[PDB]
Amino acid sequence: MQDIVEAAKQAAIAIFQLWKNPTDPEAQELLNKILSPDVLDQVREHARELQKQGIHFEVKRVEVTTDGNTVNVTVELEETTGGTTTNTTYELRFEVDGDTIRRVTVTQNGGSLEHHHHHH
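Residues numbered from 1 in each chain as written, not as in the entry; some residues may be left out. Heavy atoms only, no water.

If you look the protein up in the PDB entry, it shows as De novo Beta Sheet Design Protein OR664 from synthetic construct. Each PDB entry has a title, and for this one the record gives "Solution NMR Structure of Denovo Beta Sheet Design Protein, Northeast Structural Genomics Consortium (NESG) Target OR664".

See below:
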C-alpha cells in the first residue's frame, strides 16, 4: 500500500474499536494487515484495562494528514469519565517503514490553551 493516510485513519479508529471491544473482527484484522502484529496485540491488552476502567469515549472528529514520512491522525473525542464529559485529543502518530507501519505514538492531549470553547 501507498495509501498510508487512508490506512492510518482506519488504524486509529480500529484501535478505539478495540478499547470498547478488543474482540472486534474488522478492527483487529485491518490492524494486522496494515500495522505490525505487535501493535494490535499491545492495544488489545490495554483495551481490556480501559474497558475495565469503563472509559466511555465518543469519536467526534477524525483528521488524518502527513507529517514528512510519518502520518499523524488528530482525532477529537468527548470522554465521559467521573461524570464529566471533557474533550481529549488523541494524535496517533504512525511512523512508517517502507510499505508497512512499525511504530505508533498515541499522544493524549487536552488542556485549556483556547478561549472559552463551547463543549456540548
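Visitor: Mind laying out the nonpolar core, listing which residues take part and the relevant values?
Guide: Generally speaking, nonpolar side chains in soluble globular proteins are found buried as a group. Core analysis: the largest hydrophobic core is formed by 30 residues, its most contacted members being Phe16, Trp19, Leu31, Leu35, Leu92 and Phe94. Counting residues per element, the ones that place at least two in this core are α1 (4–20), α2 (25–34), α3 (37–53), β2 (70–81), β3 (84–97) and β4 (100–109). Among the elements that take part in this core, α1 stands out by supplying 10 residues, more than any other. Filtering out sequence-adjacent residues up to four positions away, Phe94 remains in contact with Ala8, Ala11, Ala12, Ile15, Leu35, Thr70, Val71, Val73, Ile101, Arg103 and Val104. (Core = buried A, V, L, I, M, F, W, Y, C linked by side-chain atoms within 4.5 Å. Buried < 20%, exposed > 50% of the residue type's maximum accessible area, 1.4 Å probe, protein only. Helix = DSSP H or I, 4+ residues; strand = E, 2+ residues; numbered from the N terminus. Contact = heavy atoms within 4.5 Å.)

Visitor: Quick one: what's the story with the environment of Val104, residue by residue and with numbers?
Guide: With respect to the helices, strands and loops of the structure, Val104 is situated in strand β4. Under the relative-accessibility criterion, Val104 is labelled buried at 18%. Between the C-alpha atoms of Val104 and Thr80, which are 24 residues apart in sequence, the distance is 25 Å. Ignoring any residue separated from it by four or fewer positions in sequence, one finds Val104 in contact with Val39, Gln42, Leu92, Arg93 and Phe94.

Visitor: Describe the pairing of β2, and please don't skip the residues or the numbers.
Guide: Sheet topology places strand β1 (residues 56–67) next to β2; 11 bridges connect them, and they run antiparallel. The residue of β2 that forms the bridge with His56 is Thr80. Here β1 folds back onto β2 in antiparallel fashion, the turn holding two residues, of which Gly68 has a positive phi close to 65 degrees. Where β2 folds back onto β3 in an antiparallel hairpin, the turn is made up of two residues, including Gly82, whose phi is positive at roughly 70 degrees. (Pairing = 2+ DSSP bridges.)

Visitor: Break down unusual backbone geometry for me, with residues and values.
Guide: With a phi close to 45 degrees, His116 is a non-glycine residue in the positive phi region. For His116, a relative accessible area of 78% puts it in the exposed group.

Visitor: Describe the sheet that holds β1, listing the residues and the values that go with them.
Guide: Taken in spatial order, the four strands of this open sheet run β1-β2-β3-β4, and their pairing is antiparallel. The open sheet is flanked by β1 and β4, the only strands paired with a single partner. Within this sheet the neighbouring strands show an average axis-to-axis angle of 20 degrees, counted without direction. For β3 and β4, the ladder comprises nine bridges, and the chain directions are antiparallel. Bridging from a neighbouring strand, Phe94 pairs with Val104 of β4. (Axes fitted to C-alpha atoms, helices over the stretch in contact; angles between N-to-C directions.)

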